[PDB]
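Below is one structure; the comments refer to it alone.
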Amino acid sequence: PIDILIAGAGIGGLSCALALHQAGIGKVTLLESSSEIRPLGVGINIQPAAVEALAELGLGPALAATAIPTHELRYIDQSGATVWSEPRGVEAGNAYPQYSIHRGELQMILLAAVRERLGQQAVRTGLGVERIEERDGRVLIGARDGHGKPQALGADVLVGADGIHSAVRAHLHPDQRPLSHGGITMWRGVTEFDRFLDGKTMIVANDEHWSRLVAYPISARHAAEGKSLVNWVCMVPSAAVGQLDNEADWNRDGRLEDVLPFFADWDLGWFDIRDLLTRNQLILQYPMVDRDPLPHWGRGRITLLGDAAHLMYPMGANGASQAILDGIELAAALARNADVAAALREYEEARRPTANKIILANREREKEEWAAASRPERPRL
Ligand SMILES: Cc1cc2nc3c(=O)[nH]c(=O)nc-3n(C[C@H](O)[C@H](O)[C@H](O)COP(=O)(O)OP(=O)(O)OC[C@H]3O[C@@H](n4cnc5c(N)ncnc54)[C@H](O)[C@@H]3O)c2cc1C
């Protein structure tokens with residue numbers, strides 16, 4: 001079997017390893033820069049199609065044991081009344097549910113499955129990819145550990161699933177644009193609720209100043225007791241905030257005093273936003289960034305997957321869901337083609353056009369909303 005190396009043991013890398021194993025493709029090894037894989041991050045949404053992929057991978061039970069099968073999305077106005085609502089998951093006509101889950105819990109589920117099926121030697125932590133070369137009919141990787149010691153590795157295929165600050169992507173597209181700021185500043189976290197609607201309904205709201213709120217339960221364990229762990233995201237035009245940090249970080253702590261002022265005049269009645277924010281278990285800050293669409297992803301025996309390939313704003317079905325589906329397609333492409341390079345190109349041309357359309361459309365919608373909100377839903381206070 002061909003030797004496959006995946007840079008990054010995040011949602012995309014781990015799910016990809018599982019998809020390759022499912023297809024009976026090669027001997028897989030993952031290199032993770034972090035010293036240890038931790039259940040970091042807050043809530044995310046896995047779309048039904050991505051949930052179906054995970055279920056076919058045998059993770060159905062695991063997901064049902066920790067995630068919430070969100071069945072409705074309610075858009076409420078500044079008086080707290082429902083303006084629009086729609087079903088989600090199975091009730092919306094999908095074969096599988098949409099799962100709202102803690103990203104960390106998802107990573108642990110994937111990690112557990114990888115160690116179980118691939119072996120406990122399969123994931124090498126504390127090793128960050130630093131240099132890459134395609135030579136001698138293989139890809140030669142230069143990594144470095146926490147002590148600064150060099151580690152050389154070789155593979156027949158290199159999958160760049162190294163996220164937002166992908167080293168593999170930088171290698172393939174050295175003259176690429178730095179991250180593109182979407183013009184929105186994000187704060188997110190989780191807050192425990194004695195009760196939150198039926199424990200499986202997502203809430204969305206925004207004011208005339210284009211400050212947005214999205215809240216939804218993500219813990220099946222909490223629900224087991226009639227309680228709910230409510231994930232929340234506040235989105236405000238960056239023009240109102242100024243610069244948060246020097247670089248985008250998925251695990252950067254935020255401050256209540258930075259976000260609360262934008263929602264301090266809100267009074268949704270039945271739903272207390274001051275309570276939601278004030279009682280948070282944690283607050284994380286992040287600039288809504290993405291990357292310009294690329295004309296091509298890979299080269300030779302190297303390809304990209306997940307955020308390393310198509311970083312998107314963290315909303316809707318962007319992110320995890322797309323990374324998961326990339327993995328399934330990559331494994332299928334490698335199983336269908338005898339030549340490694342051709343397999344990678346087929347995978348890319350099957351997923352890149354899709355990704356690029358989402359990126360461009362997301363940008364246009366955000367731009368349109370900003371333009372509309374800028375010309376002369378009022379927070380009740
Ligand atoms: C700690 C953390 C917390 C997150 N929290 C959220 C969240 O709350 N909400 C949300 O929507 N998204 C979050 N994300 C991002 C989310 O996981 C992804 O957008 C999506 O799931 C697609 O996953 P991915 O594998 O492409 O990227 P990621 O999940 O970001 O995984 C990339 C992995 O590659 C590794 N890596 C990076 N560079 C190198 C290198 N040079 N060598 C080796 N490994 C490298 C990282 O350490 C990481 O484990 C978080 C990511 C991380 C790493």
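The way I read the labels, and the way they are meant: chains A, B, ... in the order of the structure tokens, residue 1 as the first residue of every chain, and ligand 1 as the first ligand shown, with later ones counted on from there.
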I'd like to know which residues of segment 32-247 of chain A are alpha helix (DSSP H) (by DSSP, run on the backbone); could you write them as number ranges by chain? A: 48-56, 60-66, 103-118, 167-172, 220-223, 238-241
Residue contacts of segment 150-152 of chain A (9 Å, only C-alpha atoms) excluding same-chain residues fewer than 3 positions away, as a list in words: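 Near neighbours after the sequence-gap exclusion: residues 127, 140, 141, 142, 143, 144, 145 and 147 of chain A.
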Output of the above residues as a PDB file, in the first residue's frame, restricted to N, CA, C and O atoms:
ATOM      1  N   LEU A 127       4.628  17.480  16.272  1.00  0.00           N
ATOM      2  CA  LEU A 127       5.457  17.531  15.070  1.00  0.00           C
ATOM      3  C   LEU A 127       4.812  18.428  14.022  1.00  0.00           C
ATOM      4  O   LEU A 127       3.766  18.094  13.467  1.00  0.00           O
ATOM      5  N   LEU A 140       8.935  14.392   0.275  1.00  0.00           N
ATOM      6  CA  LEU A 140       9.814  14.378   1.432  1.00  0.00           C
ATOM      7  C   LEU A 140       9.409  15.537   2.328  1.00  0.00           C
ATOM      8  O   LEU A 140       9.366  16.688   1.893  1.00  0.00           O
ATOM      9  N   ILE A 141       9.094  15.218   3.578  1.00  0.00           N
ATOM     10  CA  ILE A 141       8.665  16.223   4.534  1.00  0.00           C
ATOM     11  C   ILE A 141       9.673  16.474   5.652  1.00  0.00           C
ATOM     12  O   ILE A 141      10.258  15.542   6.205  1.00  0.00           O
ATOM     13  N   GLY A 142       9.873  17.749   5.964  1.00  0.00           N
ATOM     14  CA  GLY A 142      10.773  18.124   7.036  1.00  0.00           C
ATOM     15  C   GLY A 142       9.916  18.706   8.140  1.00  0.00           C
ATOM     16  O   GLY A 142       9.269  19.735   7.943  1.00  0.00           O
ATOM     17  N   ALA A 143       9.890  18.038   9.291  1.00  0.00           N
ATOM     18  CA  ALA A 143       9.102  18.495  10.428  1.00  0.00           C
ATOM     19  C   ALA A 143      10.020  18.849  11.591  1.00  0.00           C
ATOM     20  O   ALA A 143      11.222  18.588  11.548  1.00  0.00           O
ATOM     21  N   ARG A 144       9.452  19.444  12.634  1.00  0.00           N
ATOM     22  CA  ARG A 144      10.237  19.819  13.798  1.00  0.00           C
ATOM     23  C   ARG A 144       9.381  19.629  15.049  1.00  0.00           C
ATOM     24  O   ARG A 144       8.191  19.952  15.045  1.00  0.00           O
ATOM     25  N   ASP A 145       9.974  19.086  16.108  1.00  0.00           N
ATOM     26  CA  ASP A 145       9.228  18.857  17.341  1.00  0.00           C
ATOM     27  C   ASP A 145       9.345  20.021  18.319  1.00  0.00           C
ATOM     28  O   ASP A 145      10.035  21.002  18.049  1.00  0.00           O
ATOM     29  N   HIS A 147      11.012  20.452  20.873  1.00  0.00           N
ATOM     30  CA  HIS A 147      12.373  20.734  21.326  1.00  0.00           C
ATOM     31  C   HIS A 147      13.219  21.333  20.211  1.00  0.00           C
ATOM     32  O   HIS A 147      14.406  21.610  20.400  1.00  0.00           O
TER      33      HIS A 147
END
Within 9 Å of residue 356 of chain A, counting only C-alpha atoms, which residues show up once you throw out same-chain ones fewer than 6 positions away? Write them as a PyMOL selection string, please. chain A and resi 292-294+310
Length of the atom CA of residue 93 of chain A to atom CA of residue 48 of chain A vector [Å]: 10.0 Å
Considering only C-alpha atoms and all ligand atoms, tabulate each residue of chain A that lies at most 7 Å from ligand 1 along with its nearest interatomic pair and the corresponding distance in Å to one decimal; arrange the rows by chain and ascending residue number and present them as CSV.
residue,atom,partner,partner_atom_place_in_ligand_line,distance
A:7,CA,ligand 1,43 (C),4.9
A:8,CA,ligand 1,34 (O),3.3
A:9,CA,ligand 1,49 (O),4.8
A:10,CA,ligand 1,31 (O),3.4
A:11,CA,ligand 1,25 (O),4.1
A:12,CA,ligand 1,25 (O),3.4
A:13,CA,ligand 1,25 (O),5.2
A:31,CA,ligand 1,43 (C),5.3
A:32,CA,ligand 1,44 (N),4.0
A:33,CA,ligand 1,43 (C),4.0
A:34,CA,ligand 1,47 (O),5.1
A:40,CA,ligand 1,1 (C),4.8
A:41,CA,ligand 1,5 (N),3.3
A:42,CA,ligand 1,8 (O),3.8
A:43,CA,ligand 1,8 (O),5.7
A:44,CA,ligand 1,11 (O),5.3
A:103,CA,ligand 1,7 (C),6.2
A:127,CA,ligand 1,43 (C),6.0
A:128,CA,ligand 1,42 (N),3.4
A:129,CA,ligand 1,42 (N),3.9
A:130,CA,ligand 1,41 (N),5.9
A:161,CA,ligand 1,25 (O),5.3
A:162,CA,ligand 1,34 (O),3.4
A:163,CA,ligand 1,32 (C),3.8
A:164,CA,ligand 1,30 (O),6.0
A:165,CA,ligand 1,38 (N),5.7
A:166,CA,ligand 1,38 (N),5.0
A:167,CA,ligand 1,41 (N),4.7
A:250,CA,ligand 1,3 (C),4.7
A:251,CA,ligand 1,1 (C),5.4
A:305,CA,ligand 1,26 (O),6.3
A:306,CA,ligand 1,26 (O),3.4
A:307,CA,ligand 1,26 (O),3.8
A:308,CA,ligand 1,26 (O),5.9
A:314,CA,ligand 1,11 (O),4.7
A:319,CA,ligand 1,20 (C),4.2
A:320,CA,ligand 1,21 (O),3.4
A:323,CA,ligand 1,22 (C),5.2
Taking only C-alpha atoms into account, which of A:274, A:102, A:88, A:351 comes nearest residue 67 of chain A? A:102
Write out as a VMD selection string all residues of segment 204-306 of chain A that backbone DSSP assigns to strand (DSSP E). chain A and resid 204 to 206 212 to 217 228 to 237 282 to 290 302 to 304
Against segment 216-224 of chain A, which residues of segment 34-137 of chain A fall within 12 Å? For each one I want the closest pair of atoms and the distance in Å (one decimal), counting only C-alpha atoms, rows by chain and increasing residue number, as a Markdown table.
| residue | atom | partner | partner_atom | distance |
| --- | --- | --- | --- | --- |
| A:42 | CA | A:218 | CA | 8.9 |
| A:43 | CA | A:218 | CA | 6.2 |
| A:44 | CA | A:218 | CA | 8.1 |
| A:45 | CA | A:218 | CA | 8.8 |
| A:46 | CA | A:218 | CA | 11.1 |
| A:61 | CA | A:220 | CA | 12.0 |
| A:62 | CA | A:220 | CA | 10.8 |
| A:63 | CA | A:220 | CA | 9.1 |
| A:64 | CA | A:220 | CA | 7.5 |
| A:65 | CA | A:220 | CA | 6.2 |
| A:66 | CA | A:220 | CA | 4.6 |
| A:67 | CA | A:220 | CA | 5.2 |
| A:68 | CA | A:218 | CA | 5.3 |
| A:69 | CA | A:218 | CA | 8.7 |
| A:70 | CA | A:217 | CA | 8.0 |
| A:71 | CA | A:216 | CA | 10.8 |
| A:72 | CA | A:216 | CA | 9.9 |
| A:73 | CA | A:216 | CA | 8.9 |
| A:74 | CA | A:216 | CA | 10.3 |
| A:98 | CA | A:218 | CA | 11.2 |
| A:99 | CA | A:218 | CA | 8.0 |
| A:100 | CA | A:218 | CA | 5.0 |
| A:101 | CA | A:218 | CA | 4.7 |
| A:102 | CA | A:218 | CA | 6.0 |
| A:103 | CA | A:218 | CA | 9.5 |
| A:104 | CA | A:218 | CA | 11.3 |
| A:105 | CA | A:219 | CA | 9.5 |
| A:106 | CA | A:218 | CA | 11.1 |
Atoms kept (N, CA, C and O atoms) for selection, written as a tab-separated table (two decimals), in the first residue's frame:
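Contents of part22.tsv, freshly written:
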chain	number	residue	atom	x	y	z
A	42	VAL	N	-15.61	25.64	20.41
A	42	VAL	CA	-16.97	25.61	20.94
A	42	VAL	C	-17.88	24.92	19.93
A	42	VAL	O	-17.41	24.09	19.14
A	43	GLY	N	-19.16	25.25	19.93
A	43	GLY	CA	-20.08	24.59	19.01
A	43	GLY	C	-19.94	24.85	17.52
A	43	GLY	O	-19.58	25.95	17.09
A	44	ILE	N	-20.23	23.82	16.74
A	44	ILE	CA	-20.21	23.90	15.28
A	44	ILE	C	-21.41	23.10	14.78
A	44	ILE	O	-22.04	22.37	15.54
A	45	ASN	N	-21.76	23.27	13.50
A	45	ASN	CA	-22.87	22.54	12.92
A	45	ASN	C	-22.39	21.62	11.81
A	45	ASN	O	-21.65	22.05	10.92
A	46	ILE	N	-22.81	20.36	11.87
A	46	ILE	CA	-22.45	19.38	10.84
A	46	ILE	C	-23.74	19.17	10.03
A	46	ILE	O	-24.74	18.71	10.57
A	61	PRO	N	-23.73	6.31	16.37
A	61	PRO	CA	-23.96	6.20	17.82
A	61	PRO	C	-23.19	7.22	18.65
A	61	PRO	O	-23.73	7.81	19.60
A	62	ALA	N	-21.92	7.43	18.30
A	62	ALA	CA	-21.07	8.38	19.01
A	62	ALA	C	-21.64	9.79	18.92
A	62	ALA	O	-21.69	10.52	19.92
A	63	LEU	N	-22.07	10.17	17.72
A	63	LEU	CA	-22.64	11.49	17.50
A	63	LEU	C	-23.94	11.67	18.29
A	63	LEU	O	-24.14	12.70	18.94
A	64	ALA	N	-24.81	10.68	18.23
A	64	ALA	CA	-26.09	10.74	18.94
A	64	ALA	C	-25.89	10.84	20.45
A	64	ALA	O	-26.74	11.39	21.15
A	65	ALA	N	-24.77	10.33	20.93
A	65	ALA	CA	-24.47	10.35	22.36
A	65	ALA	C	-23.96	11.70	22.87
A	65	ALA	O	-23.94	11.93	24.08
A	66	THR	N	-23.55	12.58	21.97
A	66	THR	CA	-23.03	13.88	22.40
A	66	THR	C	-23.61	15.12	21.75
A	66	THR	O	-23.66	16.18	22.38
A	67	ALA	N	-24.05	15.01	20.50
A	67	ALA	CA	-24.58	16.16	19.78
A	67	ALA	C	-26.10	16.31	19.86
A	67	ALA	O	-26.80	15.39	20.28
A	68	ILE	N	-26.58	17.47	19.44
A	68	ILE	CA	-28.01	17.77	19.44
A	68	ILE	C	-28.55	17.75	18.02
A	68	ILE	O	-28.00	18.43	17.14
A	69	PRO	N	-29.62	16.98	17.76
A	69	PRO	CA	-30.20	16.91	16.42
A	69	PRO	C	-31.13	18.10	16.22
A	69	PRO	O	-32.35	17.99	16.32
A	70	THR	N	-30.54	19.26	15.95
A	70	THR	CA	-31.28	20.50	15.74
A	70	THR	C	-32.39	20.31	14.71
A	70	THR	O	-32.15	19.86	13.59
A	71	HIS	N	-33.63	20.65	15.08
A	71	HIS	CA	-34.75	20.45	14.18
A	71	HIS	C	-35.46	21.72	13.71
A	71	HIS	O	-36.43	21.66	12.97
A	72	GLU	N	-34.97	22.88	14.15
A	72	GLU	CA	-35.60	24.13	13.74
A	72	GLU	C	-34.68	25.34	13.92
A	72	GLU	O	-33.83	25.35	14.81
A	73	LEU	N	-34.87	26.33	13.06
A	73	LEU	CA	-34.13	27.59	13.13
A	73	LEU	C	-35.19	28.68	13.17
A	73	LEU	O	-36.06	28.73	12.30
A	74	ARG	N	-35.13	29.53	14.19
A	74	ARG	CA	-36.09	30.63	14.33
A	74	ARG	C	-35.37	31.96	14.28
A	74	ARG	O	-34.43	32.20	15.03
A	98	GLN	N	-29.13	17.06	11.34
A	98	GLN	CA	-28.10	18.07	11.32
A	98	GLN	C	-27.66	17.96	12.78
A	98	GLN	O	-28.51	17.90	13.67
A	99	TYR	N	-26.36	17.90	13.03
A	99	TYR	CA	-25.90	17.81	14.41
A	99	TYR	C	-25.15	19.05	14.86
A	99	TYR	O	-24.19	19.47	14.22
A	100	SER	N	-25.61	19.63	15.96
A	100	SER	CA	-24.95	20.78	16.57
A	100	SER	C	-24.10	20.10	17.62
A	100	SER	O	-24.62	19.42	18.51
A	101	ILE	N	-22.79	20.27	17.52
A	101	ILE	CA	-21.88	19.58	18.42
A	101	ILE	C	-20.72	20.46	18.87
A	101	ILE	O	-20.40	21.46	18.22
A	102	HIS	N	-20.12	20.10	19.99
A	102	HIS	CA	-18.96	20.82	20.51
A	102	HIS	C	-17.82	20.34	19.61
A	102	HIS	O	-17.59	19.13	19.50
A	103	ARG	N	-17.11	21.26	18.96
A	103	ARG	CA	-16.03	20.86	18.06
A	103	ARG	C	-15.03	19.92	18.75
A	103	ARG	O	-14.53	18.98	18.13
A	104	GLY	N	-14.74	20.20	20.02
A	104	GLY	CA	-13.82	19.36	20.77
A	104	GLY	C	-14.31	17.94	20.90
A	104	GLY	O	-13.55	16.99	20.70
A	105	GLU	N	-15.59	17.78	21.24
A	105	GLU	CA	-16.17	16.45	21.37
A	105	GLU	C	-16.07	15.73	20.03
A	105	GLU	O	-15.79	14.53	19.98
A	106	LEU	N	-16.29	16.46	18.94
A	106	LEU	CA	-16.20	15.84	17.62
A	106	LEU	C	-14.77	15.37	17.36
A	106	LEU	O	-14.55	14.26	16.87
